[PDB]
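Undergrad: fold the following, please.
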Amino acid sequence: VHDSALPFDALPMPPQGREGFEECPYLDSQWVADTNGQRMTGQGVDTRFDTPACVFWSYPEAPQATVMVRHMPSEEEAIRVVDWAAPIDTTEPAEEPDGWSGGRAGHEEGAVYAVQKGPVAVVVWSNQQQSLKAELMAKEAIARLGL
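TA: Numbers count the residues shown, from 1 in each chain. There you are, the coordinates:
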């Protein structure tokens, strides 16, 4: 079983939240602050997922960025994750890095970038309006994890 058999719509929940210290194994904290654009208050990891989910906080209650890696039982289920995070009628295609597919959107409420490749899904949410920020983070996580 992968990712503790969590359902398609599971969200990261690092157990100590914003007062956590534990760094993301695949994204440098400084790089994320510079890319996303807000100073870091704290960060945590959610090891329910085979690849831990990483959450990054600045001063707001809601995180500045959330990065989630999903290993689903099938490609169908990885697509369900991607379509949930980035709905077909509200987002534009995301096709990077090569071999990945899904959607992306940047609005006043934040941004998302969600792609799958086979049964693996990678979703990044940002509190920023620029979907490019979420895209850079997704690409970087994918590169660092060798996915």
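Undergrad: quick check: closest non-adjacent residue to residue 87.
TA: residue 103 (7.3 Å; Cβ to Cβ, 6 or more residues apart in numbering). C-beta here means a position set from N, CA and C on the backbone, and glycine is covered the same way.
Undergrad: mind checking how far the residue located most distally from the centre of the chain is from residue 129?
TA: Distance from the centre of the chain peaks at residue 1, with 20.9 Å (Cα atoms, centre = their mean). Distance of residue 1 to residue 129, given as Cβ to Cβ, to the nearest Å: 37 Å.
Undergrad: quick revisit: which residues touch the helix or strand harbouring the residue nearest to residue 87?
TA: In the assignment (DSSP states H and E), residue 103 maps to strand 101-107. Outside of strand 101-107, the residues within contact range by Cβ atoms under 8 Å, 6 or more residues apart in numbering are 82-83, 85-88, 90-95, 111-117, 121, 128-135.
Undergrad: what's downstream of it, the next helix or strand?
TA: strand 110-117.
Undergrad: which elements pack onto that following strand?
TA: Counting contacts by 3 or more Cβ pairs under 8 Å, 6 or more residues apart in numbering; DSSP states H and E, strand 110-117 packs against helix 75-85, strand 92-94, strand 101-107, strand 120-126, helix 131-145.
Undergrad: any buried residues in the second one, and which?
TA: It stands for strand 92-94. By neighbour count on 16 or more other Cβ atoms under 10 Å, the buried set for strand 92-94 is residue 94.
Undergrad: ok, that strand: who's next to it in the sheet?
TA: Strand 92-94 sits in its sheet next to strand 101-107 (antiparallel), going by DSSP bridges.
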